[PDB]
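Residue numbers (PDB author numbering), protein chains in the order written: chain E, 37 to 135; chain A, 37 to 135; chain C, 14 to 120; chain D, 27 to 125; chain H, 27 to 125; chain B, 23 to 102; chain F, 19 to 102. Only one structure is covered here, and it is reproduced in the block below.
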Amino acid sequence: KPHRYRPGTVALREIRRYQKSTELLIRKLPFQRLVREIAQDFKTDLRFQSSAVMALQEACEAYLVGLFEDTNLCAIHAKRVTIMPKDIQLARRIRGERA
Amino acid sequence: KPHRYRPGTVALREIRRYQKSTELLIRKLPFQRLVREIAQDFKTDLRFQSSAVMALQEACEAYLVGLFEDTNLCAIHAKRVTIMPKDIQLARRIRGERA
Amino acid sequence: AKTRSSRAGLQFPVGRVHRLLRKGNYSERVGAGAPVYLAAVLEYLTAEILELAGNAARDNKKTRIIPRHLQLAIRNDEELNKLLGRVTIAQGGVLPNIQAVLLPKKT
Amino acid sequence: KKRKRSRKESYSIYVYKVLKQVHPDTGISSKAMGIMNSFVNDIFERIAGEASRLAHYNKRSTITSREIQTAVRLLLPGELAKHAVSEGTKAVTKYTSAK
Amino acid sequence: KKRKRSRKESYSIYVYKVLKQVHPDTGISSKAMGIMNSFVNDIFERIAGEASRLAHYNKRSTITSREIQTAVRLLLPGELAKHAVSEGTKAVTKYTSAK
Amino acid sequence: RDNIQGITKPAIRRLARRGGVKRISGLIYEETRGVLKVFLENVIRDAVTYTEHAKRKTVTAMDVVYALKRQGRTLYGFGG
Amino acid sequence: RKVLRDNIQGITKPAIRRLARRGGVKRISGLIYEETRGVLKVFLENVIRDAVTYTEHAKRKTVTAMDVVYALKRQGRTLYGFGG
DNA sequence: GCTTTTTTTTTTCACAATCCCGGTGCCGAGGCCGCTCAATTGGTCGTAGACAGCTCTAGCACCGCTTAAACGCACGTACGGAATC
Ligand SMILES: [Ca+2]
Ligand SMILES: [Ca+2]
Ligand SMILES: [Ca+2]
Ligand SMILES: [K+]
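Okay, here's the thing in structure tokens:
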């Protein structure tokens, strides 16, 4: 028969991979476009120094990565393995991010 | 005439009662002594203004009430009504008061 | 004519530091010890991090320190970590850490 | 040739010098060095700021090495604080006697 | 003969003045007054510091009403910001127009 | 000197009432106590550090208030 | 020149799954991905608005890496390795 | 105590991913160099703040009341957490 890893066993592989590495995990252009998309909403016809778009990405990915950390702890607090939007909202509530 | 409120019913009354009031909930001298006790470990034969002990209490209690608020949510996140050590540790882990 | 750093036994520029102080609107007047003390503390903290980063670079069989090495040094060291609690190292990644309950049952 | 690029200061040489005192055979990446530069600048502003406030809280016009010290005690964690306080003190004591 | 209390400033006369504008019949407890006074001082120091960094970041020696405004858009939330700016502008416009 | 026990169960309950908490495990009263201790250490240390820098033997409101602010826990109504 | 598309969708499911891998997450609800985007969006709004303000104050028409950095430090999210 | 079925734990490989080396090539660390501007020296001048002296404030210690609050036990209900689906 064909091989097939049990549900979770690649997920853990992925975890080990991505914690071991430093490379940015969102695709660089879509991020770029999104930044400019959001930029507009405040001021039209604006330029960005790449270094500024990159500094935004580093900062984003970092924020999101920590949020998952806090989130996973909220899931595990509710005797789950599966993160949910209710987990995120708690992290963010406790963090002070939103009310 | 053996009249008893069921478990949780005065707890609620209390919650209502104390949220409504502003007075400090820790007895003052014991608090004072604790401050002075802790003070010694940094610098001996200190004195305190009475107002500096009150600023410390106002702050501590406020700290604690707040920490409870977040603890309570973490209880409820695990489908509990009763706050537990682990809830407090999560509250603080997410807040970043400890690892 | 000799450097205030060499007079204090230091690498970091006592003179630069003194100027940044004056010019940074921290106070009207700046004692002559201040930049000597400040420059030294900045040197001590730089050195502490460079020992550790360096070790975590040697560990990786890499001759040059990179952000990862900094991150590993800092995050793995109780105190450095606190000091840099709300700091984000670019290109640093995170410490290998998989919560226990997410591993399968070990034997 | 055209216009030469305007002077941007850096701690880079002083980081290098330090580096070779600690790990001679160890070197350092462009991005790494940028991080060191952020870190030094960071802790400047932190300590300078705390010293500014110390002086101003005591109606002092002068940030002396006393301010820088107390500041460092307020701002550094235990073992890091001590060594800081040593190396600063050392280095003033040397500076003083070398006039 | 006794005359030894310091002389320490406050915003209390202006808190009272502004109070008699919005509610001329109501007064204010001492503890309330001192919350208000901390309040003003807080926000002073918040606005000022940002404006001090705006300048220093843009290599300028002068905090102007341009920096106060920029700080204010940065430091206050949406609708408060709007009215704060609006009131700021008005006040300055009226002062150029007087002398 | 073990004044930490002066932070009674009742007083602890009260605080948690005001935090909208309904039911409380027995192990919390000690957990609370530790936390409360750590908080005070961090605030008092800093406060006294301000005291020692102004060369005094008497800790002032301001000392506290200036510490609390460093600690991000800014306090209104004691001379901010 | 041109007004931009609807890009928020470019923060793909793969990418969001990878980021939550870096965070030690093993299993992921279906609903996570859109919720993340909203969070990510609000984050970028908040920083960029602040950055653009630093831009606007300097009367420049090009957001600099330092604008981002100053904003990020304002937001309590201090970033090393891009200046200041 | 018997006896069969599940059920658990152990055995035997087959595979797939990961790891590790040497090889190859590219580019950025590293350092040299020449010039500039920012630190240093060696002056003077003013006042910040160290210091001594004094006032008197508010911090400390102790006493004895009268409660309100803590405590410590008796009793049971509703809640947490295991098990099952
Ligand atoms: Ca060494
Ligand atoms: Ca004088
Ligand atoms: Ca149940
Ligand atoms: K006194």
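Even for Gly, the Cβ is constructed at its ideal location relative to N, Cα and C.
Asked, Found
"Return helix, strand or coil for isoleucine 62/E, following the three-state DSSP convention.", "coil"
"Excluding five sequence neighbours on each side, which residues of the same chain lie with their C-beta closer than 6 Å to the C-beta of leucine 126/E?", "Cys110"
"Would you kindly report the start and end of the unbroken alpha helix (DSSP H) that includes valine 57/F?", "50-75"
"Here's the rule: buried if 16 or more other CB atoms are within 10 angstroms of the residue's CB, otherwise exposed. What is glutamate 59/A?", "exposed"
"By DSSP, does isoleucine 34/B sit in helix, in strand, or in coil?", "helix"
"Closest to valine 41/H by C-alpha separation, out of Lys85/H, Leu102/H, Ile61/H, would be which residue?", "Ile61/H"
"Kindly indicate if chain A contains any beta-carbon less than 8 Å away from that of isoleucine 130/E.", "yes"
"Would you report the Cα separation of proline 32/B and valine 57/B, rounded to the nearest angstrom?", "17 Å"
"Is any heavy atom in ligand 1 found nearer than 7 Å to the beta carbon of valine 48/D?", "yes"
"With 16 as the cutoff for other CB atoms within 10 Å, does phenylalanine 70/H come out buried or exposed?", "exposed"
"Quick one: residues in its chain with C-beta nearer than 6 Å to the C-beta of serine 57/E, no 5 flanking neighbours on either side, listed in chain order?", "none"
"Could you name the residues of the stretch 74-87 of chain F whose beta carbon sits closer than 7 Å to any beta carbon of chain E, in the order they occur along the chain?", "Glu74, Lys79, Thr80, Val81, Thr82, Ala83, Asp85, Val86, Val87"
"With the cut-off set at 8 Å, would you say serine 40/C and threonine 88/D are in Cβ contact?", "yes"
"Which chain F residues sit within Cβ distance under 7 Å of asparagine 67/D?", "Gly102"
"Let me check understanding here. Comparing Cα to Cα, which of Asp85/B, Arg78/B, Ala83/B, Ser47/B lies closest to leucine 82/A?", "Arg78/B"
"Is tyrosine 98/B helix, strand or coil when you go by DSSP?", "coil"
"Examine chain H for any beta-carbon lying closer than 8 Å to the beta-carbon of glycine 99/B, and answer yes or no.", "yes"
"Take every Cβ of the stretch 35-53 of chain C, pair it with every Cβ of the stretch 72-86 of chain D, and state whether three or more of those distances are shorter than 8 Å.", "yes"
"Should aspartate 51/H go down as buried or exposed, given a rule of 16 or more other Cβ atoms within 10 Å for buried?", "exposed"
"In the structure shown, what three-state DSSP assignment does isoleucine 87/C receive?", "helix"
"Would the beta-carbon of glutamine 93/F fall within 8 Å of that of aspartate 68/F?", "yes"
"Measure the CB-CB distance between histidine 113/E and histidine 113/A and report whether it falls below 8 Å.", "yes"
"Between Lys108/D, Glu35/D, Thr115/D, which lies nearest to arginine 32/C when the distance is taken from Cα to Cα?", "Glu35/D"
"Please go through the same chain and pick out, in chain order, the residues whose beta-carbon is closer than 6 Å to the beta-carbon of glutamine 68/E, but skip the five residues on each side of it.", "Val89"
"Buried or exposed for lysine 57/D, going by 16 or more other Cβ atoms inside 10 Å?", "buried"
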